[PDB]
Structure formats: C-alpha cells, structure tokens
Amino acid sequence: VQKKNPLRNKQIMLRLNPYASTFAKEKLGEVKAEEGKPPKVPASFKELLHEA
Amino acid sequence: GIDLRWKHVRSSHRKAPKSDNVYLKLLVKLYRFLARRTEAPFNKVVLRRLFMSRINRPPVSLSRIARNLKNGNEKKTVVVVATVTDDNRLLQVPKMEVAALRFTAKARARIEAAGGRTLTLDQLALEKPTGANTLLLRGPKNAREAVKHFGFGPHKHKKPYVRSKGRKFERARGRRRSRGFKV
RNA sequence: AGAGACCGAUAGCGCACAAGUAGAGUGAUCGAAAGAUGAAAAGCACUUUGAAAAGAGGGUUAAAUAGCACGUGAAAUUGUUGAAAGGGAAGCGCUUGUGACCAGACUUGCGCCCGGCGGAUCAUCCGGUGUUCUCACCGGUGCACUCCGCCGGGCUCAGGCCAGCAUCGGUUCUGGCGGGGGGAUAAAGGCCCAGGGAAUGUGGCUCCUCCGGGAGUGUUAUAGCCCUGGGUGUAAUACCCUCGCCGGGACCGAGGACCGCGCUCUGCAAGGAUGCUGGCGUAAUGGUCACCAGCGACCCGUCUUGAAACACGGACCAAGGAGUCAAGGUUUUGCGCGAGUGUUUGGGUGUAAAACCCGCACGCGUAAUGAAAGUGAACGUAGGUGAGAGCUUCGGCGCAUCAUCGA
RNA sequence: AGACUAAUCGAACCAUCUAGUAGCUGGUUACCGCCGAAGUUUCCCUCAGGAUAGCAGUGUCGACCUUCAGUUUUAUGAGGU
RNA sequence: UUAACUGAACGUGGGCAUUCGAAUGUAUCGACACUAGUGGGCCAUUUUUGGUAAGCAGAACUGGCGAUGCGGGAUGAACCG
RNA sequence: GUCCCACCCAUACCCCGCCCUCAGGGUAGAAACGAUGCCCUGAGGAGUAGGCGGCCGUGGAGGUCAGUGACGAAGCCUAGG
RNA sequence: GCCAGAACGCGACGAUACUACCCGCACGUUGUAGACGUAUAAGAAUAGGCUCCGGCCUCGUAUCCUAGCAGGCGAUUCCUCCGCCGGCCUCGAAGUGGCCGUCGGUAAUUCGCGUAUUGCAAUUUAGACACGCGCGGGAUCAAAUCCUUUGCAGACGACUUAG
Ligand SMILES: [K+]
Ligand SMILES: [K+]
Ligand SMILES: [K+]
Ligand SMILES: [K+]
Ligand SMILES: [K+]
Ligand SMILES: [K+]
Ligand SMILES: [K+]
Ligand SMILES: [K+]
Ligand SMILES: [K+]
Ligand SMILES: [K+]
Ligand SMILES: [K+]
Ligand SMILES: [K+]
Ligand SMILES: [K+]
Ligand SMILES: [K+]
Ligand SMILES: [K+]
Ligand SMILES: [K+]
Ligand SMILES: [K+]
Ligand SMILES: [K+]
Ligand SMILES: [K+]
Ligand SMILES: [K+]
Ligand SMILES: [K+]
Ligand SMILES: [K+]
Ligand SMILES: [K+]
Ligand SMILES: [K+]
Ligand SMILES: [K+]
Ligand SMILES: [K+]
Ligand SMILES: [K+]
Ligand SMILES: [Mg+2]
Ligand SMILES: [Mg+2]
Ligand SMILES: [Mg+2]
Ligand SMILES: [Mg+2]
Ligand SMILES: [Mg+2]
Ligand SMILES: [Mg+2]
Ligand SMILES: [Mg+2]
Ligand SMILES: [Mg+2]
Ligand SMILES: [Mg+2]
Ligand SMILES: [Mg+2]
Ligand SMILES: [Mg+2]
Ligand SMILES: [Mg+2]
Ligand SMILES: [Mg+2]
Ligand SMILES: [Mg+2]
Ligand SMILES: [Mg+2]
Ligand SMILES: [Mg+2]
Ligand SMILES: [Mg+2]
Ligand SMILES: [Mg+2]
Ligand SMILES: [Mg+2]
Ligand SMILES: [Mg+2]
Ligand SMILES: [Mg+2]
Ligand SMILES: [Mg+2]
Ligand SMILES: [Mg+2]
Ligand SMILES: [Mg+2]
Ligand SMILES: [Mg+2]
Ligand SMILES: [Mg+2]
Ligand SMILES: [Mg+2]
Ligand SMILES: [Mg+2]
Ligand SMILES: [Mg+2]
Ligand SMILES: [Mg+2]
Ligand SMILES: [Mg+2]
Ligand SMILES: [Mg+2]
Ligand SMILES: [Mg+2]
Ligand SMILES: [Mg+2]
Ligand SMILES: [Mg+2]
Ligand SMILES: [Mg+2]
Ligand SMILES: [Mg+2]
Ligand SMILES: [Mg+2]
Ligand SMILES: [Mg+2]
Ligand SMILES: [Mg+2]
Ligand SMILES: [Mg+2]
Ligand SMILES: [Mg+2]
Ligand SMILES: [Mg+2]
Ligand SMILES: [Mg+2]
C-alpha cells in the first residue's frame with residue numbers, strides 16, 4: 001500500500017540485499033591500495049609533455 | 001504532455017447480451033461460472049456466442065448436421081448455439097443427439113422418430129460440464145440476401161438496388177457495348 | 001343524437017359576452033377588444049368635517065389582506081421607512097478583515113460492584129400443541145445464594161471544539177564530521193647535496209654633489225635571484241570520483257481483525273499514526289450577506305483567414321415562438337414462427353369502435369437466363385490444394401471464413 | 001409631360017390560385033461524459049452551388065492469428081539538381 | 001515444349017533447430033457495415049516564379065493558427081517555453 | 001563585449017490525496033448477492049463543425065403507493081437553511 | 001510689468017446670542033496605513049581633515065540609558081538622577097529654549113519580611129494624539145437670509161447701494 005525507499009530505510013535494504021550488513025561491517029568501501037614503491041616517469045614522457 | 005496516438009480506447013466485442021429474455025439471463029449466469037472455474041476452452045466459446053445477435057447466429061439444418069456426422073463422428077454430441085431447422089430434401093434421418101438453443105417443431109419430431117434425443121443447453125452443462133466428446137457447428141454467415149448488395153461498383157458483379165426485373169430496368173448504357181460501353 | 005390518451009380565454013372557430021357586432025372604405029370588400037365579488041347583497045343604517053367628489057368614526061361578513069376600479073395578484077417601473085457606498089462609468093474572479101445575521105454538534109451511553117425497594121418465578125421435570133423432527137410455545141411444579149424492573153453510592157471504558165509536546169512513517173530543503181581512489185603515484189614548496197649563469201648588480205673599489213644622491217666596475221662578499229640533476233618522499237595541499245556518520249526546518253497520516261517479505265529475534269522503525277497534556281463547551285471553530293483593501297478582468301449573439309471594433313441586431317419586462325406527420329426504400333437492435341410466413345378486404349361473435357374466433361384466394365420467398373421463340377442446375381461420401389476455432393481413441397476429424405484449380 | 005385615370009400609374013384597386021419559387025440574408029430553446037475534422041482529387045452553362053474520393057464517429061465480427069512499423073543497419077538498383 | 005522423359009508448372013516419400021538465421025519497439029492486429037460535417041483558408045524557416053517594390057500575386061517538403069487556454073516578447077491570431 | 005557565483009516564478013516535471021474514463025483480475029457443494037452488487041491492481045483527462053452515451057425537467061394515459069389535504073391542496077414573496 | 005486665482009492652498013484682524021467659549025477634574029459610548037528605550041542638532045573638505053595642542057581618523061563593531069510585586073513594606077546608607085508647578089529672560093522660516101526657587105520621588109554600598117494555585121504555552125488588554133459624556137469654576141449678550149429699495153449691474157441666479 002505504500003512504497004518505501006531503501007538508502008533511507010535500512011530494514012527495506014536488508015530485505016532485498018542480505019549482503020548489505022557484511023559490506024558495512026568489514027568496511028569494503030575503504031580498501032587500501034596494494035603496497036609497493038612506485039617508479040618514476042621515464043624522463044621522456046616528461047620531455048614530450050613540455051616539447052613545444 | 002505524454003505524446004500518445006491513442007487514449008481511452010474501448011473494446012470492440014460485446015460483454016453482455018442485448019436481449020431482455022429472463023431465461024437467457026439465467027443461462028448466462030450459469031456459463032459465466034463455468035468459464036471462470038474450468039480450464040476447458042469449450043466453455044469460453046459458448047459464453048461468447050450467447051451474447052450475439054440474430055444475424056450472427058444463422059440457423060443450421062438437419063442436412064448440414066448429417067454432413068459432419070461422417071468419418072468417425074457418429075457418436076459425438078452436436079452443439080449448436082442457434083435454431084435447428086428441418087430439411088425436406090433429406091429423406092432418411094440418421095440417429096444422433098443434439099444440444100441446441102431451440103428446435104423447430106418438425107426438426108424435433110424427426111430427430112426423436114429416428115431414435116435420437118434433443119437436449120437443452122442447460123442439460124448439456126449437467127452431462128458434459130467440460131465439453132468432452134462434442135463437435136461445435138455454425139451456420140452459413142454470408143447466406144443472406146442483404147450481403148449480395150454489399151460493395152457494389154464497377155467490375156464487382158454484385159446485385160443492384162432495383163424496383164423490378166425486366167428489359168426496361170437498368171440494362172442499356174454501361175451494361176453492353178452496343179449502347180456506349182460495358183461497366 | 002352519442003363520444004374522445006383534443007384546447008383551457010394571446011389557446012380552441014374571426015366570435016365562451018347585445019360578433020359577422022362596434023369601427024374603416026365611394027365601392028367590391030376589410031373586421032376587432034372584451035369570461036371569475038360572496039354560500040347568501042347581508043351592495044355599508046347613523047354621527048361628524050367638507051361647496052362637492054370624498055375622508056374619519058361606526059356597521060355587515062368566516063374573510064372588506066373580498067367594496068361592484070371586486071378570486072388569487074408575478075415582473076418591468078414608482079413612493080415612504082431602514083441599512084450602506086461614491087476624486088472623469090458601473091458591474092465581475094481569487095483571497096483576508098470588519099459589522100450584521102445564522103445551521104449544526106454537545107446535554108450522556110453500555111458494563112462491573114455495593115445497598116434499598118417491588119414483582120415474579122429462574123433452572124428442572126410432567127401434560128398438550130406446533131414445527132425446520134429437534135427446536136419451541138401454552139398449562140402445572142418451582143417459592144429466595146434464582147429471574148426481571150426501579151432508585152441511591154462507587155469504578156473502568158467510550159464520547160464535542162480548538163491547540164502544545166514526545167516517539168515514528170512518506171516526501172523534500174539545508175548545515176557539519178570521519179575515511180578510500182586517481183593524475184607527472186598532482187604540479188609547486190621548506191630543508192639538504194652537486195653543477196652552470198646572468199642583472200631592474202648586494203657588499204666592496206673609482207668619479208661627480210654634499211644637496212638628497214647619481215654614474216661606472218664586476219658574479220656573493222656584510223643581500224639575494226634564475227636554470228639543470230638527486231634525497232627526504234609512497235611528503236602535504238588543490239581539483240575530480242567515491243563509502244559512511246551526526247544535526248536543523250516545512251507539508252502530509254490514504255488504509256481498518258489475522259495472513260506476507262524480513263530483522264539488530266522475551267521483541268522491532270518489517271504489507272499507510274499513535275501516546276501524554278492544557279483551555280473551552282459556545283456563536284469560541286464554522287457558514288451566508290454587505291462594504292473597504294492587494295492582484296486579475298474589453299459586449300453579447302453572428303458571418304469571417306482574422307471582432308472589443310469606426311461591421312450588422314439588441315431601451316426594458318411578461319406570455320407565445322422554429323427538423324414535424326404520411327406513403328415508399330435501406331442498414332442495424334429486440335421478438336414470434338421457420339421452407340415457409342402474413343387473422344382484421346370479408347364472415348362469426350360480443351359485457352359493443354375493445355377483446356376473442358374462421359379460411360378461399362392473394363402478396364413476398366422456395367430457380368435462373370435470353371431482345372425473343374425458348375431451354376433450365378450432382379463424374380466424385382456435393383470435388384482437389386493451403387490456412388483455420390473446437391474436439392480427439394493422439395493416428396487424426398476439421399465449423400464459419402479467406403486465397404486458388406475444377407464440375 | 002410616359003402626363004392623368006380617388007394622397008396609388010413605364011400598366012389602378014379588391015378577393016382567390018397562394019403557406020407561389022429562392023444555389024441568397026436572418027434565427028433555430030436543459031446539463032454532464034468520451035472521441036474528434038476540412039478548405040484537397042475527378043466530373044458538371046461548374047466559379048457564393050452539387051455528386052465523387054479523402055479526413056470523422058458509431059456498431060460489430062475473426063483470432064487474442066509471430067503481428068506489424070512516417071525508424072536504424074547490411075547487401076544490391078535507378079536519377080542529371 | 002524438345003531429335004529425345006529433354007524441359008515447364010504443380011506434387012508423393014525422405015533429410016535439416018546441437019541455433020527458424022540483423023537492431024529497436026509493439027502505449028493498440030485484420031476484415032466489414034451505416035452515416036455526419038467540409039469542399040472561401042491564412043502564417044513561418046529552407047528551396048523557389050512574376051514584379052522597382054509591397055502588410056502584392058503564385059508553387060514544393062515540414063511545422064503552426066483556424067478549433068487553444070497558461071509563463072515570457074510593456075501591448076500584440078501565427079514568435080520563444 | 002566576454003567570463004563566473006547565488007537567487008525569482010508557469011496550468012510543464014517529481015511525491016501525496018480525491019473525481020471520472022478505459023483496461024485487467026477475484027467472488028456458490030452459496031454463513032447468499034439492489035451478480036445491473038462488492039473487493040484488488042495499472043494508466044489516462046485541451047477542443048469549434050460534428051458523432052454517440054447517460055441523466056434532469058413539462059402537459060396528458062395504464063398500473064401501484066389501502067399516498068398528502070378546509071386542523072389548509074395548488075400558486076406567489078423571502079441578502080432563512 | 002500685464003490677466004485669472006487652487007471653489008479639498010496659506011496669513012493678519014473685528015464681533016461672536018444659543019452653556020456655542022476658556023480652565024480644572026474624572027470617565028469611554030469612541031477613532032487613528034499600525035508605540036512596546038519609538039534616546040542621540042556643528043559647519044565644511046574628500047588629490048584632505050578633527051583637536052583639550054599632548055595628539056587622533058578604514059570601521060556607529062559608537063555613546064547614553066538599562067536590576068527591585070508590570071517592580072511591595074521597612075532599615076543601612078548616599079547628595080546623585082528625574083518630575084509637576086512658579087518667577088525672569090529668550091524665540092517669527094510653519095516662533096523655541098535657558099537660568100533660578102519651593103515641593104514630590106530616588107540601590108552608589110549592604111540586609112530583613114512578602115511573592116506559590118494564572119496549575120507544563122495561549123496579545124505582556126499598558127503609549128500618543130484626536131472625539132464624546134458628566135461635574136465644579138470663570139468669561140460673553142452677536143449676526144446672516146427672505147422682504148422693500150437702487151442701476152455704476154443684469155437672460156434667470158449673482159453684483160454695486162439704502163431701510
Ligand atoms: K444506336
Ligand atoms: K380573435
Ligand atoms: K362605412
Ligand atoms: K371556516
Ligand atoms: K371588518
Ligand atoms: K379574497
Ligand atoms: K541531511
Ligand atoms: K596519491
Ligand atoms: K623537494
Ligand atoms: K656598486
Ligand atoms: K490512495
Ligand atoms: K452576420
Ligand atoms: K452593433
Ligand atoms: K428489423
Ligand atoms: K402462400
Ligand atoms: K486445432
Ligand atoms: K380608392
Ligand atoms: K450561388
Ligand atoms: K544537367
Ligand atoms: K514429352
Ligand atoms: K462525405
Ligand atoms: K461532399
Ligand atoms: K478566400
Ligand atoms: K495575403
Ligand atoms: K503574450
Ligand atoms: K413525461
Ligand atoms: K525586593
Ligand atoms: Mg497530462
Ligand atoms: Mg364533443
Ligand atoms: Mg384576455
Ligand atoms: Mg380567442
Ligand atoms: Mg378577473
Ligand atoms: Mg366608510
Ligand atoms: Mg381570505
Ligand atoms: Mg387595478
Ligand atoms: Mg384582487
Ligand atoms: Mg418591483
Ligand atoms: Mg460599489
Ligand atoms: Mg411454565
Ligand atoms: Mg522524518
Ligand atoms: Mg610523492
Ligand atoms: Mg602524496
Ligand atoms: Mg487513517
Ligand atoms: Mg481538556
Ligand atoms: Mg465569524
Ligand atoms: Mg487589467
Ligand atoms: Mg476601427
Ligand atoms: Mg448585413
Ligand atoms: Mg439598433
Ligand atoms: Mg398560455
Ligand atoms: Mg393621383
Ligand atoms: Mg413555410
Ligand atoms: Mg410568400
Ligand atoms: Mg483528444
Ligand atoms: Mg454541359
Ligand atoms: Mg455568404
Ligand atoms: Mg484467425
Ligand atoms: Mg485481439
Ligand atoms: Mg531536368
Ligand atoms: Mg462555400
Ligand atoms: Mg501568398
Ligand atoms: Mg489576396
Ligand atoms: Mg471558419
Ligand atoms: Mg497554440
Ligand atoms: Mg501574457
Ligand atoms: Mg516590444
Ligand atoms: Mg475532453
Ligand atoms: Mg397538450
Ligand atoms: Mg399552502
Ligand atoms: Mg428577491
Ligand atoms: Mg480661493
């Protein structure tokens with residue numbers, strides 16, 4: 001008799017998507033990038049950039 | 001705005017009879033119930049033909065029934081939502097059982113004198129509530145004097161509206177090449 | 001002479017009346033308007049003012065709001081009384097205000113307990129009679145912790161109008177905070193290391209003026225600046241994208257036992273608002289009318305490509321005022337009978353223009369085609385092929401109708 | 001003078017045929033609901049008028065018929081701006 | 001029809017979804033019957049004919065006004081939304 | 001002349017209530033229904049000429065309310081409901 | 001200079017019967033395009049000014065006033081601030097301010113008694129001008145029109161005159 005909006009009503013969101021609680025609990029929206037020291041631009045990408 | 005070609009389109013088919021016969025109303029209530037509570041396609045067809053007018057329910061004769069009682073239909077039940085008439089040309093009537101909206105006096109007498117039986121459409125629902133072992137028959141729709149006049153025009157070979165028949169009634173100019181042209 | 005699904009005084013004949021009359025025209029001829037006091041005249045005796053017409057009293061009557069200018073007595077238009085507005089039209093739409101006037105609603109209801117009062121006979125059983133054949137009614141028994149009614153006291157619940165707060169649901173506007181990702185893994189920048197330059201040349205050195213200063217010289221010194229690599233460094237920040245968490249306001253509450261999908265699962269924010277509290281119980285909320293205020297608003301009908309038009313009709317009100325009836329066609333809806341169908345030109349009969357009954361002819365249909373003399377509809381289970389609703393023993397049979405080849 | 005013939009004369013007055021005919025001007029009476037145009041083709045002593053096709057409404061019937069389309073794509077023709 | 005069962009049209013029997021052979025939509029499939037009003041039109045972007053030109057006269061495709069209110073262009077049938 | 005923020009309001013767009021129109025479903029071993037009723041779900045609403053449907057009023061006729069009325073029928077007036 | 005004079009523009013003066021007028025008091029039967037601390041006087045320049053003569057200026061982001069039953073009754077304490085009257089001057093653009101005197105009130109400091117019940121919000125009915133009414137005191141004893149008349153005037157009203 002009355003449409004309710006998920007993204008505002010949490011009970012409705014859990015009815016349609018049971019994985020929502022796990023997504024929030026494990027913070028899957030804040031995953032960090034893989035480790036590793038990055039290389040640098042190979043000194044000719046930069047020469048072409050300022051070429052003209 | 002919504003940009004639609006059509007709106008508030010009505011249905012093209014009847015939804016109830018236009019008659020005021022009290023017994024026809026009882027018959028329509030019976031088959032409304034049957035069509036809703038059964039999966040038989042036979043019941044839905046019978047309901048629609050009870051709404052129709054007399055030119056959409058042409059009569060059926062005993063000769064037309066005998067034609068369709070051949071090739072393995074000798075023991076089925078004939079169903080006709082119309083009047084059943086007699087045929088003088090048929091000299092020997094086979095035995096059969098027919099359920100019809102109504103029978104003429106001579107049609108009913110000849111069916112029973114040959115060992116058959118006649119039913120009413122409400123007796124049929126009691127004995128065959130699903131229409132098993134039946135054959136539905138319709139009469140000739142276009143065998144009407146008025147249909148011969150429809151679509152008159154040049155090179156159409158239809159019947160004209162004239163007040164008499166003879167040599168003096170529309171046979172001279174436009175009907176033969178010895179007076180101008182032909183049609 | 002008898003009648004009617006006719007008209008009811010602008011109708012029905014021109015005439016419901018001293019109507020073919022009054023009146024017009026030389027004449028032939030033309031030709032209206034005009035019905036209603038009360039049951040009964042009982043149609044106002046007397047007094048008084050006035051020259052009189054009349055007025056004021058007083059009488060008759062059920063009624064003079066029936067007085068012969070006579071049943072009822074509408075509108076245009078007018079008088080008096082009362083209310084109100086008006087700085088070169090008025091009238092009208094939406095929405096508040098003021099004044100006048102006003103309809104509802106509410107006054108209690110059911111239930112429980114305690115006491116008093118009165119009347120019965122409450123449950124059970126026996127006899128009779130109905131009826132849905134197991135359910136009732138009547139007679140008898142019952143006889144005080146049962147049944148019924150009234151009054152007095154207490155308690156719970158539900159009840160009228162306008163509002164305040166708390167916890168929620170739907171929609172929406174607007175603040176703040178915590179993270180993640182990308183690009184030259186931002187570009188700059190601070191600090192540190194190494195190399196190279198110059199000028200709008202710092203300090204020195206020289207000359208001109210002491211009158212503040214100015215002009216040369218040349219590369220960091222007693223200031224500093226610009227290029228090229230490297231480290232801190234996966235630095236910070238801007239911009240773009242993205243995952244969440246807290247505040248502040250506005251409008252709305254459709255539905256009416258349970259049932260479903262679910263969750264943080266003694267329960268809940270999960271298929272639509274409940275809980276607590278105050279004032280008032282009447283003109284307080286609400287309604288009608290008049291007027292001032294803000295915004296808006298050209299005269300209708302008609303022909304026309306185009307009307308508010310310097311385009312035509314319309315001063316105002318009442319009553320009348322325009323797609324009908326017959327014969328003959330046609331398509332479609334309803335009804336009776338059906339290879340047939342139609343009693344009513346006529347006859348019989350009658351409670352008499354009704355209703356009821358009868359059947360010889362005849363009309364339309366059942367057969368066409370030719371100018372005509374004339375001739376006149378099956379090779380086949382009334383044919384073959386492709387579609388086709390419905391039925392089916394699942395192999396097929398195939399209505400209506402459409403296309404096609406034949407008889 | 002086309003003047004006069006009873007306020008009437010380039011053919012008097014009165015009644016009747018007569019409600020004479022009009023492709024032309026004027027009018028044509030309560031409410032709500034749904035759908036919704038044309039000024040174009042051909043013929044007519046046709047050009048202020050008709051018939052005919054188109055555009056519109058209403059009633060249905062056949063199946064609820066793999067059925068269609070003011071459109072894109074792919075292959076393949078025609079054209080003299 | 002061919003010198004010719006050689007062809008031409010119509011077919012029996014058998015084989016082929018292991019996929020009925022581009023995209024998108026289907027917010028409207030087919031057939032019939034009876035009939036109304038209309039048959040003076042005008043405006044605009046692009047293309048265009050006659051004319052010195054015209055709020056002039058004449059055509060093609062499409063969109064409008066007529067038949068239509070509302071917010072803008074102070075006003076303003078046709079312009080913008 | 002060019003560039004950039006914030007803000008104002010249409011009968012347009014989004015959400016909610018109510019009216020009507022159209023479409024699609026449910027409802028009998030009837031504890032049953034103005035079945036021409038009731039319950040559930042979605043979409044739509046401009047209009048001259050014109051078409052169709054449903055309703056409101058007036059004068060008379062058949063049937064029925066065993067209808068109202070001299071203790072007051074019909075008619076007329078009324079910024080009273 | 002010259003013509004008209006707003007018939008809803010203004011000034012000075014004369015006489016004013018009817019309690020029409022003046023003063024004082026007390027009420028509301030009343031009206032107001034809209035009180036709620038309705039508080040604030042230099043002139044001048046802006047590529048220059050103010051001043052206490054030391055200095056100061058982007059900035060009214062200022063200054064004044066502001067406590068108590070809608071603001072009681074006493075005390076301690078202080079010589080400030082406010083108001084009604086009266087007397088002198090002063091003010092003409094549409095007439096205002098200053099000085100003095102009597103009287104009344106008064107937290108700059110610190111206390112004692114009272115406040116309740118309007119029930120958990122409902123305008124805080126509070127100001128200023130006008131108008132009306134009723135008392136108590138003073139002051140005052142007027143004109144205009146019709147009518148008759150004139151002709152410096154005239155369609156009629158109106159106008160210049162006389163009674
Ligand atoms: K000939
Ligand atoms: K008459
Ligand atoms: K005469
Ligand atoms: K009486
Ligand atoms: K009397
Ligand atoms: K009377
Ligand atoms: K928020
Ligand atoms: K980064
Ligand atoms: K660095
Ligand atoms: K130097
Ligand atoms: K709803
Ligand atoms: K006209
Ligand atoms: K006119
Ligand atoms: K018929
Ligand atoms: K016959
Ligand atoms: K089939
Ligand atoms: K004469
Ligand atoms: K004509
Ligand atoms: K060419
Ligand atoms: K051959
Ligand atoms: K037509
Ligand atoms: K036509
Ligand atoms: K024209
Ligand atoms: K033109
Ligand atoms: K406009
Ligand atoms: K009637
Ligand atoms: K105190
Ligand atoms: Mg719409
Ligand atoms: Mg008679
Ligand atoms: Mg009369
Ligand atoms: Mg008469
Ligand atoms: Mg009379
Ligand atoms: Mg008298
Ligand atoms: Mg009377
Ligand atoms: Mg009279
Ligand atoms: Mg009278
Ligand atoms: Mg009147
Ligand atoms: Mg007025
Ligand atoms: Mg007993
Ligand atoms: Mg909320
Ligand atoms: Mg880095
Ligand atoms: Mg970084
Ligand atoms: Mg509700
Ligand atoms: Mg209360
Ligand atoms: Mg009121
Ligand atoms: Mg206006
Ligand atoms: Mg004009
Ligand atoms: Mg005219
Ligand atoms: Mg006129
Ligand atoms: Mg009449
Ligand atoms: Mg003469
Ligand atoms: Mg006529
Ligand atoms: Mg005539
Ligand atoms: Mg429409
Ligand atoms: Mg001709
Ligand atoms: Mg015309
Ligand atoms: Mg089909
Ligand atoms: Mg269909
Ligand atoms: Mg060419
Ligand atoms: Mg025409
Ligand atoms: Mg043109
Ligand atoms: Mg023209
Ligand atoms: Mg027109
Ligand atoms: Mg438009
Ligand atoms: Mg406008
Ligand atoms: Mg303009
Ligand atoms: Mg409409
Ligand atoms: Mg009549
Ligand atoms: Mg009466
Ligand atoms: Mg009136
Ligand atoms: Mg003056």
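The figures that follow rest on heavy atoms only: side chains count, while hydrogens, waters and symmetry mates do not. Letters A, B, ... are given to chains in the order of the sequence lines, protein chains preceding strands, and every chain is numbered from 1.
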Discussion item. Quick test of your reading: applying side chain to side chain donor-acceptor pair (under 3.5 Å), list the pairs with at least one residue in residues 94-108 of chain B, sequence neighbours left out, ordered by first then second residue.
Written reply: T77(B)-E97(B), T83(B)-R102(B), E97(B)-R117(B)

Under a 4.5 Å cut-off applied to non-hydrogen side-chain atoms, are [X] and [Y] in contact?
X      : Y       : value
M96(B) : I65(B)  : yes
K4(A)  : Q2(A)   : yes
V80(B) : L137(B) : yes
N17(A) : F23(A)  : no
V28(B) : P17(B)  : yes
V78(B) : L69(B)  : yes
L62(B) : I111(B) : yes
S53(B) : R57(B)  : no

Discussion item. According to a hydrophobic-cluster definition based on side-chain heavy atoms being under 4.5 Å apart (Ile, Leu, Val, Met, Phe, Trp, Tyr only), do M52(B) and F42(B) belong together?
Written reply: no

Item to complete: Indicate if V45(B) and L30(B) have the same hydrophobic cluster label, given that clusters are the connected sets of ILVMFWY residues with side-chain heavy-atom separations under 4.5 angstrom.
Response: yes

Over all heavy atoms of both residues, which pair between [X] and [Y] is shortest? Give the atoms and the distance, please.
X       : Y       : value
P140(B) : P59(B)  : CD-O, 3.9 Å
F152(B) : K158(B) : CE1-O, 3.6 Å
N73(B)  : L135(B) : ND2-CD1, 4.2 Å
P58(B)  : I55(B)  : CD-O, 4.2 Å
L119(B) : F103(B) : O-CE1, 3.7 Å
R175(B) : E170(B) : CG-O, 4.0 Å

Ignoring hydrogens and geometry, is there a side-chain-to-backbone donor-acceptor pair from [X] to [Y] under 3.5 Å?
X       : Y      : value
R110(B) : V93(B) : no
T38(B)  : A40(B) : no
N43(B)  : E39(B) : no
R49(B)  : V81(B) : no

Discussion item. Can you confirm whether the side chains of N56(B) and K141(B) place a donor and an acceptor under 3.5 Å from each other?
Written reply: yes

Practice prompt. Using distance alone, with no hydrogens and no angle criterion, decide if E47(A) and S44(A) have a side-chain donor and acceptor under 3.5 Å apart.
Written response: no

Residues, nucleotides or ligands: over 12 heavy atoms within 6.0 Å of [X] [atom1]:
X       : atom1 : result
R179(B) : CZ    : no
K44(B)  : NZ    : yes
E74(B)  : CD    : yes
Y23(B)  : OH    : no

As an exercise, state the distance from [atom1] of [X] to [atom2] of [Y], rounded to the nearest 0.5 Å.
X       : Y       : atom1 : atom2 : value
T120(B) : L101(B) : OG1   : CG    : 9.5 Å
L28(A)  : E30(A)  : CG    : CD    : 10.0 Å
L14(A)  : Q11(A)  : CG    : CD    : 6.0 Å
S61(B)  : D87(B)  : OG    : CG    : 5.0 Å
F51(B)  : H13(B)  : CZ    : NE2   : 12.5 Å
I12(A)  : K3(A)   : CD1   : NZ    : 9.5 Å

Discussion item. Show, in sequence, the C-alpha distance, side-chain angles and deciding distance for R48(B) and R14(B), and conclude whether the side-chain contact (heavy atoms from CB on, under 4.5 Å) test is met.
Written reply: CA-CA 8 Å; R48(B) 257 165 68 102; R14(B) 281 194 173 182; over 6 Å; no

Practice prompt. Report the C-alpha separation of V98(B) and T118(B) in whole Å, then their side-chain angles, then the decisive distance to 0.1 Å, and conclude whether the side-chain contact (heavy atoms from CB on, under 4.5 Å) test is met.
Written response: CA-CA 5 Å; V98(B) 195; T118(B) 65; 5.8 Å; no

